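Participant: For reference, the structure I am asking about is given below.
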Amino acid sequence: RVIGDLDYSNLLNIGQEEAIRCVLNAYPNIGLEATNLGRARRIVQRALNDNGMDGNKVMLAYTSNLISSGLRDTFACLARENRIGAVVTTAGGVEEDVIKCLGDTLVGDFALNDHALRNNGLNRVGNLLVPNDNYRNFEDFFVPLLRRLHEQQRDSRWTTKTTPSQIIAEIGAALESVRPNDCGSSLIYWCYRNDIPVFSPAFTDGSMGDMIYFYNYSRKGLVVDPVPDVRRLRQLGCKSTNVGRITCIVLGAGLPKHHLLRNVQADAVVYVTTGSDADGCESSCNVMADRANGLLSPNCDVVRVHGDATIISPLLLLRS
Amino acid sequence: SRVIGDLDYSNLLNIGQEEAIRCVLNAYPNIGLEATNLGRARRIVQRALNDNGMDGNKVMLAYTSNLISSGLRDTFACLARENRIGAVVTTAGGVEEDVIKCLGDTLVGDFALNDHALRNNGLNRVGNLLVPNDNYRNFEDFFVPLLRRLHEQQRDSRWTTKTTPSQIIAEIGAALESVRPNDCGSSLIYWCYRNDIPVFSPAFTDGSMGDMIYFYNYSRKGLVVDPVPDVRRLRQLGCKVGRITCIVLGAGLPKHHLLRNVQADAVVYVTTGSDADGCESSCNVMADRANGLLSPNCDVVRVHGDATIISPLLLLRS
Amino acid sequence: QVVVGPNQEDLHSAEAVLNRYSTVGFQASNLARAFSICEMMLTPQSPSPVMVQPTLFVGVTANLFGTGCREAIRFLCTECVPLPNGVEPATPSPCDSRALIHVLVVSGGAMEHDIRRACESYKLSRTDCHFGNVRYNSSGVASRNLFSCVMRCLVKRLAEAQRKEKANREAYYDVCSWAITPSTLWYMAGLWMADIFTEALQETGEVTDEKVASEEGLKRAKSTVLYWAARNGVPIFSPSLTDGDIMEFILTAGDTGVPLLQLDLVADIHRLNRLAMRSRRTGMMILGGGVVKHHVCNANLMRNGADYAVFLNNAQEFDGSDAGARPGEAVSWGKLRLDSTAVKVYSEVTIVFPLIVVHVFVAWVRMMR
Amino acid sequence: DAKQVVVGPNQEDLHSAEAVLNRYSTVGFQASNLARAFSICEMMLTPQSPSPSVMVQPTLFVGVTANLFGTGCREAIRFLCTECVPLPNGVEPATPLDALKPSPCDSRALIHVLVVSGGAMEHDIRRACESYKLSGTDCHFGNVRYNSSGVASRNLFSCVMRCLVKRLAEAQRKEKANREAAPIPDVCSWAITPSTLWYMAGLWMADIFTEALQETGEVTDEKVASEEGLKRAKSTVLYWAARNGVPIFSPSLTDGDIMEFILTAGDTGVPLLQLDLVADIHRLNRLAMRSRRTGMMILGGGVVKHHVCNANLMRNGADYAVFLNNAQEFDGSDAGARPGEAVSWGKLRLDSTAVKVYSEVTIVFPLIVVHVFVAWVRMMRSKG
Ligand SMILES: NC(=O)c1ccc[n+]([C@@H]2O[C@H](COP(=O)([O-])OP(=O)(O)OC[C@H]3O[C@@H](n4cnc5c(N)ncnc54)[C@H](O)[C@@H]3O)[C@@H](O)[C@H]2O)c1
Ligand SMILES: NC(=O)c1ccc[n+]([C@@H]2O[C@H](COP(=O)([O-])OP(=O)(O)OC[C@H]3O[C@@H](n4cnc5c(N)ncnc54)[C@H](O)[C@@H]3O)[C@@H](O)[C@H]2O)c1
Ligand SMILES: NC(=O)c1ccc[n+]([C@@H]2O[C@H](COP(=O)([O-])OP(=O)(O)OC[C@H]3O[C@@H](n4cnc5c(N)ncnc54)[C@H](O)[C@@H]3O)[C@@H](O)[C@H]2O)c1
Ligand SMILES: NC(=O)c1ccc[n+]([C@@H]2O[C@H](COP(=O)([O-])OP(=O)(O)OC[C@H]3O[C@@H](n4cnc5c(N)ncnc54)[C@H](O)[C@@H]3O)[C@@H](O)[C@H]2O)c1
Ligand code: NA
């Protein structure tokens with residue numbers, strides 16, 4: 001509860017690896033939004049270790065643009081090790097994870113001329129670039145799976161695989177069959193093998209909706225129903241057991257944050273957002289305003305760190 | 001009151017267009033969120049600019065340097081011309097480019113303009129605005145002589161009369177009336193001199209004026225800028241029938257210097273910074289009360305947004 | 001041009017002030033450009049590279065229906081101007097929009113705020129829920145409050161109508177017809193808004209008289225954006241409907257034995273991406289960001305870009321999001337054309353959006369009338 | 001058109017912070033901007049050739065906003081002023097070297113000149129007199145709280161920064177009396193400038209702490225009040241700033257907590273202290289103009305960000321720059337300005353390399369110093 005004083009000169013004799021940790025360990029006492037990072041790190045680290053498979057659960061909510069960045073490889077390590085219990089992300093959070101098995105995302109610059117990027121077939125994601133050929137290959141991978149799912153839903157009275165959870169789970173299965181080499185580097189694949197449900201209620205908002213629109217223009221049938229995913233996400237977020245320590249890691253606050261914390265009863269929450277309270281939105285993570293709306297319980301441990309999750313999340317997920 | 005309203009926009013089709021825009025600006029206090037703050041701020045600013053005239057009360061304006069690079073400089077000039085402002089608190093660029101825009105014009109551009117080409121074409125960028133280098137070449141012709149006079153005036157008095165930015169800025173407006181008698185009518189500093197409105201700038205050398213001083217001192221050393229008596233001054237003007245309203249458009253050195261030394265009964269914030277910065281510019285109402293910038297009984301409203309859109313709606317006359 | 005701001009003379013009329021925003025720097029010039037681009041969306045002209053009037057896709061943030069923007073969006077759905085004789089419109093939820101706007105994409109919880117503001121009143125600061133300095137009261141899911149009764153009648157009406165079509169139909173002519181799509185759900189809600197309020201006003205006990213309840217129900221129903229959206233026929237798309245307050249009623253209405261409703265998102269993306277594909281000149285006004293912004297831009301992607309765009313939000317570019325993206329980032333994907341004119345107004349919506357509606361939209365429908 | 005691939009922290013490099021920070025280059029968004037900030041800082045510490053218009057050690061212009069001395073960045077800035085690695089073989093200082101003793105501009109440390117806002121160095125002094133608590137009325141500057149007692153209180157802080165004002169007032173009176181007895185030449189020599197005020201402050205911090213520790217009665221023995229005073233006075237950056245000789249410029253000093261003591265010390269009858277701002281910009285803009293390659297690292301924005309780049313404007317541009325604020329560009333301010341807006345004026349040069357890390361300081365600046373700065377003196381010391 002007090003700001004510390006670190007002798008940086010004392011780091012010259014200790015090892016360089018431990019030196020960088022000596023500061024990151026002191027982050028809870030540095031001040032301002034490093035304290036909130038240090039508090040968030042203590043919550044995330046203890047949750048990723050204790051809440052593996054002991055009546056406890058860890059649920060990850062990330063925005064779509066953060067698996068366009070390199071964090072998707074870090075997120076994959078979490079689901080690969082069965083540390084995550086559930087995933088909540090907008091449609092793009094599922095798409096580009098499968099995309100980056102069919103191609104590479106490149107680093108660019110915010111200053112790049114977007115008109116020239118169009119004439120050069122480059123889709124800009126902030127300071128990143130996704131070539132159009134990546135989505136041309138995604139069409140080759142996804143539109144067959146849509147035809148498989150249509151036949152599967154049609155001959156089953158439209159009630160066997162209608163929700164995004166089952167669809168995303170079979171996306172990892174189809175990624176295991178089609179591309180057995182690169183599938184090990186995708187978050188959706190490990191969520192299929194480790195049996196981690198992925199939730200994306202706004203499913204058609206993205207490239208997947210475009211693939212569905214192209215397929216549904218000739219074969220009108222394939223449908224999606226996201227309301228059972230709400231009952232499903234609520235089923236996984238029910239601590240009547242009273243021996244549940246259920247932590248929610250929300251990296252980037254969009255539809256993931258609300259859809260997760262509204263249906264899941266979390267004992268510990270970590271916000272990594274950038275929006276400001278002046279927006280008056282369900283993204284500008286306001287701790288006490290979320291408590292008033294039922295997103296945070298009055299007895300819930302919660303911390304909010306303000307900054308780009310590209311800088312925050314690696315320091316939070318850094319294993320000690 | 002204290003409830004969100006419901007405005008039949010279709011009812012504006014029959015009323016006049018001017019009255020229609022005003023009818024909506026009048027319903028801003030109950031539209032919601034950071035437009036309610038605009039409506040509350042407008043009622044404070046309007047009633048202040050009307051009452052705080054010559055009846056015993058005071059209105060003090062604090063604006064940032066970029067806001068006079070924009071068009072608001074002419075709006076501010078109307079406030080000081082009418083003797084509605086009691087005191088002005090700018091950083092340092094609020095005095096420079098106000099005098100500059102009598103010796104030349106600022107132009108509109110775009111944030112996307114290539115800055116390397118702007119440099120090679122002698123165009124200084126202020127966000128989406130442009131100030132040609134010729135403007136500062138003329139300011140060198142205007143200001144360097146004024147420092148030459150002030151240096152003699154300080155030395156003959158042994159640094160007792162013209163040491164503070166207040167007296168310097170006051171004679172800057174006087175020099176602007178003498179040198180350029182035509183274009184001085186649009187300058188804020190000119191009216192602050194004629195109507196006797198003190199202008200405060202404790203960080204005076206941070207800007208083009210400091211560079212002009214740097215050239216002048218490199219030949220004749222001796223000039224002195226002593227800004228600590230301006231603090232005793234600004235405090236004496238804020239020490240309290242006694243209704244002191246403070247209009248702070250944009251935060252920084254304008255905000256702190258005003259609200260730290262002046263005890264205001266009404267304060268209006270128009271800022272963009274976020275509380276996560278942990279700085280003064282992030283106008284936090286309760287935190288500023290904790291530091292003595294605002295009294296706990298002070299009426300205050302904070303608008304979050306670009307003052308370029310807010311200030312005209314707050315100053316628009318009734 | 002020269003930088004000039006509100007003068008001595010033109011500080012006495014709001015028109016000249018809003019007109020001089022063009023010569024005032026920073027975000028007033030962006031707002032003045034937003035003024036012009038909106039008027040360009042309203043000017044009948046030739047299709048993209050036989051004059052047409054552009055079809056306007058407007059996307060709204062959910063919480064923005066809690067504030068006074070609900071009043072202005074209602075105006076965009078209410079008033080309608082007949083198209084001139086020599087201009088053609090660029091051509092279950094219908095798509096026949098005779099109004100200023102033609103498509104409405106809203107976030108989850110938006111129409112729930114639209115419903116809830118005709119039942120009670122939203123309070124401001126200086127159990128009750130918060131979204132900024134505004135406060136509303138979301139009562140229990142199975143409460144006696146007026147909002148809960150309206151939303152229960154809605155869910156019950158939808159469930160009973162879904163069963164009828166299910167029992168009715170119990171390759172290319174084999175669709176899941178009993179599934180209800182977000183555009184149809186809010187459309188039918190607008191049709192039923194009159195009768196649902198009259199029935200809920202009785203079940204709550206506020207007015208037991210059938211006559212007064214019928215008249216008061218219509219008055220409260222006419223205030224919602226859903227009513228005029230259904231009356232004039234603008235489709236209200238919402239792929240994020242699954243994350244709104246309405247799901248609290250849809251889920252527990254299934255806790256009494258009856259199965260949950262069955263949503264469909266493929267019907268929405270088809271109708272939306274087809275209204276944009278078959279369009280010939282399109283406009284785009286996005287209030288805020290998030291799901292609504294990407295959904296409208298992605299719809300116009302099927303038309304190799306949109307022509308006009310105005311983004312009113314307060315989001316930043318450094319986080320690399322589709323909410324804080326620059327207008328440029330749209331043309332790289334192809335969601336915004338090359339021969340386009342767009343602008344982003346970096347400011348809170350509640351400050352800039354009322355000005356826009358009153359300054360061009362109210363004035364344009366008066367020029368044409 | 002060469003392009004790198006987007007890869008983030010792997011399975012095998014989440015066990016070492018060195019490889020996490022190294023891979024920040026290929027993660028994306030603003031961690032790549034931090035990766036540049038790592039590199040440009042490493043260039044600022046590398047002995048390079050003169051300005052592209054004989055190797056030199058670039059002069060580093062560091063800029064700090066006031067409230068950051070309340071948080072842990074005070075510890076990192078102190079490191080920048082404390083450690084003194086000598087110049088190698090065949091390298092000159094980028095700036096060829098030229099009572100109220102003025103500020104020496106011969107910096108033997110990692111940074112060479114330090115510009116701050118008003119109220120900054122006040123936070124440093126009051127953080128050896130007290131201890132900041134996280135979330136005599138308590139003040140708030142965000143997540144942190146401190147105690148602000150009366151101007152004439154018996155708080156250790158109030159005692160320190162009155163003996164400082166009294167020492168300055170009596171020293172200014174001495175210089176005024178000596179130039180009164182002398183014939184008129186002609187500069188105003190009794191006026192103290194912010195650089196001298198903070199320089200003579202850091203010189204006096206030891207004795208002032210030993211005196212204030214006694215006047216407050218916290219320790220009654222002199223030999224261990226003298227020892228405790230120096231120990232407290234070795235924690236401030238003012239001490240290492242004066243010792244190693246990095247000047248502390250501050251044009252906004254008039255807007256600090258010092259003025260509460262300057263004015264109250266003048267309410268007894270004696271006149272106020274007389275400040276001069278032309279002497280600071282002359283020294284600052286000449287330290288920059290005379291240099292041959294200049295580095296720039298500013299924390300936050302405001303008066304401090306514009307003052308250092310204006311100093312480099314006299315030099316037709318600075319060579320290196322790292323901006324670390326969370327300001328946005330739409331308001332068109334000299335805080336939220338892009339690095340490009342600097343090169344349009346000529347503050348940053350055309351043949352440059354810079355980066356802006358759009359994120360708060362406390363997250364990034366401790367990482368900056370511990371990844372290159374401490375590592376770069378470990379390189380220059382352990383290898384040999
Ligand atoms: N540009 C993309 O990344 C992309 C790609 C594919 C699909 N989409 C679609 O765009 C829609 C909206 O995207 P979204 O909901 O996933 O997020 P978003 O783009 O809507 O971001 C909105 C909020 O998330 C937070 N945020 C965003 N980026 C952040 C960051 N780098 N660090 C910290 N916080 C951050 C901010 O608070 C922001 O206000 C989605 O439905 C998605 O399907 C976007
Ligand atoms: N009644 C409800 O249950 C309810 C209400 C609101 C949101 N939600 C849920 O939260 C999810 C995310 O909410 P969202 O779709 O509104 O996006 P968001 O709240 O995550 O933020 C969207 C972006 O648009 C901008 N923005 C948002 N509101 C603004 C405003 N009033 N003024 C200016 N700019 C603004 C912000 O920069 C923000 O980054 C939604 O998909 C929804 O599911 C539910
Ligand atoms: N001791 C005091 O009473 C005190 C404290 C602070 C400031 N002030 C006065 O206010 C004036 C201006 O205030 P300032 O210079 O401290 O900052 P500021 O209020 O002028 O804002 C500077 C900009 O830099 C950025 N910034 C500021 N702090 C940041 C942080 N911790 N992390 C990331 N970005 C940050 C923000 O975008 C901010 O808008 C100063 O001249 C000073 O005199 C006084
Ligand atoms: N901008 C210029 O053209 C110029 C000219 C000469 C000197 N200077 C010097 O640059 C230094 C910084 O200038 P400053 O006074 O603008 O401080 P600043 O630019 O650092 O102010 C930044 C903070 O003020 C607020 N702000 C900024 N612009 C705003 C706007 N348009 N609307 C609402 N709020 C806004 C925000 O909270 C922001 O975080 C000063 O010391 C000044 O002497 C600037
Ligand atoms: Na403070």
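How things are named: the first chain in the structure tokens is A, the next is B, and so on; residues count from 1 in each chain; ligands count from 1 in the order shown.
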Can you check which parts of chain B lie within 8 Å of ligand 4? Per residue, the shortest pair of atoms and distance in Å to one decimal, counting only C-alpha atoms and all ligand atoms, sorted by chain and number, as CSV.

Facilitator:
```
residue,atom,partner,partner_atom_place_in_ligand_line,distance
B:63,CA,ligand 4,15 (O),7.6
B:64,CA,ligand 4,15 (O),4.2
B:65,CA,ligand 4,16 (O),4.5
B:66,CA,ligand 4,1 (N),4.2
B:67,CA,ligand 4,31 (N),6.0
B:69,CA,ligand 4,3 (O),6.4
B:90,CA,ligand 4,15 (O),6.9
B:91,CA,ligand 4,15 (O),4.8
B:92,CA,ligand 4,43 (O),4.1
B:93,CA,ligand 4,6 (C),3.5
B:94,CA,ligand 4,5 (C),7.2
B:96,CA,ligand 4,6 (C),6.9
B:97,CA,ligand 4,5 (C),7.2
B:126,CA,ligand 4,3 (O),6.1
B:203,CA,ligand 4,41 (O),6.2
B:204,CA,ligand 4,43 (O),6.7
B:205,CA,ligand 4,43 (O),7.2
B:206,CA,ligand 4,43 (O),4.2
B:207,CA,ligand 4,7 (C),3.7
B:208,CA,ligand 4,6 (C),6.0
B:249,CA,ligand 4,33 (C),6.1
B:250,CA,ligand 4,34 (N),3.5
B:251,CA,ligand 4,24 (O),4.2
B:252,CA,ligand 4,17 (O),5.0
B:253,CA,ligand 4,15 (O),6.2
B:254,CA,ligand 4,15 (O),6.8
B:270,CA,ligand 4,33 (C),5.4
B:271,CA,ligand 4,34 (N),3.6
B:272,CA,ligand 4,37 (O),4.3
B:273,CA,ligand 4,37 (O),3.6
B:274,CA,ligand 4,37 (O),7.3
B:281,CA,ligand 4,37 (O),4.4
B:282,CA,ligand 4,37 (O),5.5
B:283,CA,ligand 4,37 (O),7.3
B:304,CA,ligand 4,33 (C),7.6
B:305,CA,ligand 4,33 (C),6.0
B:306,CA,ligand 4,32 (N),3.9
B:307,CA,ligand 4,32 (N),4.0
B:308,CA,ligand 4,31 (N),6.1
```

Participant: What residues in chain A have any atom no more than 7 Å from chain D when counting only C-alpha atoms, and can you write them as a short mmCIF file (atom, residue, chain, number, x, y, z; two decimals) with N, CA, C and O atoms, in the first residue's frame?

Facilitator:
```cif
data_model
loop_
_atom_site.label_atom_id
_atom_site.label_comp_id
_atom_site.auth_asym_id
_atom_site.auth_seq_id
_atom_site.Cartn_x
_atom_site.Cartn_y
_atom_site.Cartn_z
N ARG A 1 0.82 -1.20 0.00
CA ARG A 1 0.00 0.00 0.00
C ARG A 1 0.86 1.26 0.00
O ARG A 1 0.36 2.37 0.18
N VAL A 2 2.17 1.08 -0.21
CA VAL A 2 3.13 2.17 -0.14
C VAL A 2 4.07 2.07 -1.34
O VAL A 2 4.41 0.97 -1.78
N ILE A 3 4.46 3.23 -1.88
CA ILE A 3 5.40 3.26 -3.00
C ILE A 3 6.79 2.92 -2.48
O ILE A 3 7.24 3.46 -1.46
N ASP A 5 11.14 2.05 -3.05
CA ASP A 5 12.34 2.72 -3.55
C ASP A 5 13.33 1.62 -3.93
O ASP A 5 13.86 0.93 -3.06
N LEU A 6 13.58 1.47 -5.23
CA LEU A 6 14.44 0.42 -5.75
C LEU A 6 15.78 1.01 -6.15
O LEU A 6 15.84 1.98 -6.91
N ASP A 7 16.86 0.41 -5.64
CA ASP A 7 18.22 0.78 -6.04
C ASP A 7 18.51 0.10 -7.37
O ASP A 7 18.94 -1.06 -7.42
N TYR A 8 18.28 0.83 -8.47
CA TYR A 8 18.56 0.28 -9.79
C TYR A 8 20.03 -0.06 -9.96
O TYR A 8 20.37 -0.99 -10.69
N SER A 9 20.91 0.68 -9.28
CA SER A 9 22.34 0.37 -9.36
C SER A 9 22.65 -0.99 -8.76
O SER A 9 23.63 -1.63 -9.16
N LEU A 12 23.24 -4.17 -11.07
CA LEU A 12 24.40 -4.34 -11.92
C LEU A 12 25.20 -5.60 -11.59
O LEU A 12 25.88 -6.14 -12.47
N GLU A 17 18.70 -11.56 -16.27
CA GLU A 17 17.36 -12.14 -16.23
C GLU A 17 16.66 -11.79 -14.92
O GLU A 17 15.50 -11.36 -14.92
N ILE A 20 15.72 -7.84 -14.74
CA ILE A 20 14.46 -7.47 -15.37
C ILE A 20 13.29 -7.95 -14.52
O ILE A 20 12.23 -7.30 -14.47
N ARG A 21 13.45 -9.08 -13.83
CA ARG A 21 12.39 -9.55 -12.94
C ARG A 21 12.34 -8.74 -11.65
O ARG A 21 11.25 -8.55 -11.09
N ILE A 30 5.51 0.37 -7.81
CA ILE A 30 6.07 1.46 -8.60
C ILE A 30 5.15 2.67 -8.58
O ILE A 30 5.56 3.79 -8.23
N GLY A 31 3.88 2.46 -8.94
CA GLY A 31 2.90 3.53 -8.94
C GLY A 31 2.07 3.66 -10.20
O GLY A 31 2.48 3.16 -11.26
N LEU A 32 0.91 4.30 -10.10
CA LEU A 32 0.00 4.52 -11.23
C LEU A 32 -0.36 3.18 -11.88
O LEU A 32 -0.79 2.27 -11.17
N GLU A 33 -0.23 3.04 -13.19
CA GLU A 33 -0.75 1.88 -13.89
C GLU A 33 0.26 0.75 -13.98
O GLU A 33 0.00 -0.22 -14.70
N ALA A 34 1.39 0.83 -13.27
CA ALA A 34 2.26 -0.33 -13.06
C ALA A 34 1.86 -1.13 -11.82
O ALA A 34 2.02 -2.36 -11.78
N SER A 69 -2.40 -9.83 -33.70
CA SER A 69 -1.04 -9.60 -33.24
C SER A 69 -0.40 -10.93 -32.85
O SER A 69 -0.94 -12.01 -33.13
N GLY A 70 0.76 -10.87 -32.20
CA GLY A 70 1.45 -12.07 -31.80
C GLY A 70 0.88 -12.76 -30.57
O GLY A 70 1.29 -13.89 -30.28
N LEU A 71 -0.05 -12.12 -29.87
CA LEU A 71 -0.60 -12.71 -28.65
C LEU A 71 -1.31 -14.03 -28.90
O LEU A 71 -1.53 -14.79 -27.95
N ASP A 73 -0.15 -16.62 -30.39
CA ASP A 73 0.79 -17.68 -30.04
C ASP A 73 0.87 -17.85 -28.53
O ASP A 73 0.94 -18.98 -28.03
N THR A 74 0.86 -16.74 -27.79
CA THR A 74 0.84 -16.82 -26.33
C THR A 74 -0.46 -17.41 -25.83
O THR A 74 -0.46 -18.23 -24.90
N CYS A 77 -0.50 -21.19 -26.14
CA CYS A 77 0.21 -21.89 -25.07
C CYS A 77 -0.69 -22.13 -23.87
O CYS A 77 -0.57 -23.15 -23.19
N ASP A 104 0.67 -16.04 -43.34
CA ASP A 104 1.35 -15.26 -42.32
C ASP A 104 0.82 -13.83 -42.29
O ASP A 104 0.57 -13.23 -43.34
N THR A 105 0.65 -13.30 -41.09
CA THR A 105 0.39 -11.88 -40.89
C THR A 105 1.71 -11.16 -40.74
O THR A 105 2.65 -11.67 -40.13
N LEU A 106 1.80 -9.96 -41.32
CA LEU A 106 3.04 -9.22 -41.40
C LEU A 106 2.96 -7.95 -40.57
O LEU A 106 1.88 -7.43 -40.29
N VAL A 107 4.13 -7.45 -40.17
CA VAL A 107 4.21 -6.20 -39.43
C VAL A 107 4.36 -5.06 -40.43
O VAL A 107 5.13 -5.15 -41.40
N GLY A 126 -4.39 -2.04 -38.05
CA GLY A 126 -3.52 -1.13 -37.31
C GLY A 126 -2.18 -0.96 -38.00
O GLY A 126 -2.10 -0.34 -39.06
N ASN A 127 -1.12 -1.51 -37.39
CA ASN A 127 0.21 -1.55 -37.99
C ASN A 127 0.58 -2.97 -38.42
O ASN A 127 1.75 -3.33 -38.46
N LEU A 128 -0.43 -3.77 -38.74
CA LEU A 128 -0.24 -5.12 -39.25
C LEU A 128 -0.88 -5.23 -40.63
O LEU A 128 -1.69 -4.39 -41.03
N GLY A 307 -3.83 0.16 -20.70
CA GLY A 307 -2.76 0.15 -21.69
C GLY A 307 -3.02 -0.89 -22.75
O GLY A 307 -3.93 -1.72 -22.64
N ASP A 308 -2.19 -0.83 -23.79
CA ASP A 308 -2.27 -1.81 -24.87
C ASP A 308 -1.97 -3.20 -24.32
O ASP A 308 -0.90 -3.43 -23.75
N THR A 310 -1.08 -5.63 -25.85
CA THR A 310 0.13 -6.13 -26.48
C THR A 310 1.35 -5.94 -25.58
O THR A 310 2.28 -6.75 -25.62
N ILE A 311 1.35 -4.90 -24.76
CA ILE A 311 2.43 -4.68 -23.81
C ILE A 311 2.11 -5.31 -22.45
O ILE A 311 3.02 -5.80 -21.77
N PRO A 314 1.86 -9.97 -22.18
CA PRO A 314 3.07 -10.78 -21.99
C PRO A 314 3.63 -10.70 -20.58
O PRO A 314 4.11 -11.71 -20.05
N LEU A 318 3.75 -13.97 -18.27
CA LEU A 318 5.13 -14.41 -18.10
C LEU A 318 5.26 -15.34 -16.89
O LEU A 318 5.10 -14.90 -15.75
N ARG A 319 5.53 -16.61 -17.15
CA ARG A 319 5.66 -17.58 -16.07
C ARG A 319 6.91 -17.30 -15.24
O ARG A 319 7.98 -17.01 -15.78
N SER A 320 6.76 -17.39 -13.93
CA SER A 320 7.87 -17.14 -13.01
C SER A 320 8.66 -18.41 -12.74
O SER A 320 8.91 -18.77 -11.59
#
```

Participant: Got a sec: who's within 6 Å of region 4-19 of chain B, counting only C-alpha atoms, leaving out chain neighbours fewer than 6 positions off, as a PDB file with N, CA, C and O atoms, in the first residue's frame?

Facilitator:
```pdb
ATOM      1  N   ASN B  30     -30.305  17.738 -20.557  1.00  0.00           N
ATOM      2  CA  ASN B  30     -31.019  16.488 -20.322  1.00  0.00           C
ATOM      3  C   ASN B  30     -30.990  15.567 -21.535  1.00  0.00           C
ATOM      4  O   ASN B  30     -31.872  14.714 -21.683  1.00  0.00           O
ATOM      5  N   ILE B  31     -29.994  15.719 -22.409  1.00  0.00           N
ATOM      6  CA  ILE B  31     -29.833  14.777 -23.510  1.00  0.00           C
ATOM      7  C   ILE B  31     -29.106  13.524 -23.038  1.00  0.00           C
ATOM      8  O   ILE B  31     -29.532  12.399 -23.324  1.00  0.00           O
TER       9      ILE B  31
ATOM     10  N   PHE C  75     -36.099  10.343 -35.155  1.00  0.00           N
ATOM     11  CA  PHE C  75     -36.396  11.288 -36.227  1.00  0.00           C
ATOM     12  C   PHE C  75     -35.904  10.766 -37.570  1.00  0.00           C
ATOM     13  O   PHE C  75     -36.579  10.929 -38.594  1.00  0.00           O
ATOM     14  N   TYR C 122     -35.132   7.768 -17.358  1.00  0.00           N
ATOM     15  CA  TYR C 122     -33.711   7.659 -17.054  1.00  0.00           C
ATOM     16  C   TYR C 122     -33.259   8.870 -16.248  1.00  0.00           C
ATOM     17  O   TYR C 122     -33.519  10.014 -16.631  1.00  0.00           O
TER      18      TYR C 122
END
```

Participant: Counting only C-alpha atoms and all ligand atoms, what are the residues, protein, DNA or RNA alike, that approach ligand 3 to within 6 Å? I want them as a ChimeraX atom specification.

Facilitator: /B:252-253,256,273,277-281 /D:65-68,117-119,252,255-257,300-303,325-327,335,360-361

Participant: Those selected residues, please, written with C-alpha atoms and delivered as a short mmCIF file (atom, residue, chain, number, x, y, z; two decimals), in the first residue's frame.

Facilitator:
```
data_model
loop_
_atom_site.label_atom_id
_atom_site.label_comp_id
_atom_site.auth_asym_id
_atom_site.auth_seq_id
_atom_site.Cartn_x
_atom_site.Cartn_y
_atom_site.Cartn_z
CA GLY B 252 -2.08 22.14 -18.52
CA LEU B 253 -0.33 25.18 -17.12
CA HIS B 256 -3.18 24.58 -12.47
CA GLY B 273 -7.03 13.79 -20.92
CA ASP B 277 -2.35 9.52 -16.96
CA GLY B 278 -2.29 10.57 -13.30
CA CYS B 279 -1.62 14.18 -14.28
CA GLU B 280 -3.26 17.57 -13.83
CA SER B 281 -4.57 17.77 -17.41
CA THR D 65 6.58 15.50 -16.19
CA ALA D 66 6.09 16.48 -12.57
CA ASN D 67 3.84 13.75 -11.16
CA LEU D 68 6.21 10.99 -12.32
CA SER D 117 7.75 20.76 -15.23
CA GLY D 118 6.81 22.80 -12.19
CA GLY D 119 6.24 20.84 -9.01
CA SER D 252 7.37 26.15 -15.30
CA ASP D 255 3.90 26.77 -10.86
CA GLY D 256 5.30 24.41 -8.22
CA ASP D 257 4.88 23.72 -4.53
CA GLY D 300 4.69 12.44 -20.86
CA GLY D 301 3.99 15.77 -22.52
CA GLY D 302 3.35 19.44 -21.89
CA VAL D 303 5.86 22.19 -21.16
CA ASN D 325 2.95 9.64 -23.39
CA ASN D 326 -0.67 8.54 -23.65
CA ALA D 327 -1.77 11.71 -25.44
CA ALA D 335 1.55 16.92 -26.12
CA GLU D 360 1.44 5.25 -19.93
CA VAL D 361 4.92 5.85 -18.54
#
```
